[PDB]
Amino acid sequence: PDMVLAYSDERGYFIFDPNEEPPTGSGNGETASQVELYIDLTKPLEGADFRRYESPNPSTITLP
Amino acid sequence: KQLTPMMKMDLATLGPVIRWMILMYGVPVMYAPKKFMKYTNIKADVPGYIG
Amino acid sequence: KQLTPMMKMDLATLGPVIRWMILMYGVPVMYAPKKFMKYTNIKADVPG
């Protein structure tokens, strides 16, 4: 019938199906997954061994 | 019997701290309790005594 | 030395209120303490 059992979320999207499960879990600002993705993007090459590129040692080969 | 496998669900941010938790729901079921057995009061000293 | 500039961090939703934090991490450093000086106990007159 008429759109009486209709609702919208905080972002302006409307759901017209009373039996459709609405998405949830949007109230946790600064989500941990977002923080992990941000760390992966803004800080690449973290934990890499670059000590070899500033070594003045003429011998770069390890032998017994 | 698994209600859900091991998974992480993120918590709310109430300060300058990032929090999350890991959950698992289940229970072990043994249909025949008389088809198992246990040994009790076993003695074992692998790092034994010398002398 | 700044660990991070002025920034905005979102908080949780405990009700129909929008709330966030503003943070900055840092510390001043003086490399040569002998190149500064200060005066102490200076007297001044209020205008009359």
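Chains as they are written, first to last, in UniProt numbering: chain U, 33 to 96; chain X, 417 to 467; chain C, 417 to 464. Built from N, CA and C at the ideal position, the CB exists for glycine as well.
{"Item": "Local conformation of U:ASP72 per DSSP, three classes", "Value": "helix"}
{"Item": "Exposure label - U:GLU53; buried when at least 16 CB within 10 Å", "Value": "exposed"}
{"Item": "At least three beta-carbon pairs within less than 8 Å, the segment 421-430 of chain X to the segment 420-436 of chain C", "Value": "yes"}
{"Item": "As assigned by DSSP and simplified to three states, the class of U:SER87", "Value": "coil"}
{"Item": "The segment 62-71 of chain U in contact with the segment 433-451 of chain X per 3-pair CB rule at 8 Å", "Value": "yes"}
{"Item": "Euclidean distance between Cα positions of C:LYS454 and X:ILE438", "Value": "57 Å"}
{"Item": "Nearest neighbour of X:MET440, chosen from X:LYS450, X:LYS459, X:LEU419 and X:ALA448 [CA to CA]", "Value": "X:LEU419"}
{"Item": "Neighbourhood of U:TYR39 by C-beta distance below 7 Å, restricted to the same chain and skipping five residues each side", "Value": "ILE47"}
{"Item": "Candidates U:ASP72, U:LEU95, U:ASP41 and U:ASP34, of which the one nearest U:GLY59 by Cα", "Value": "U:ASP41"}
{"Item": "Backbone secondary structure at C:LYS451 - three-state DSSP", "Value": "helix"}
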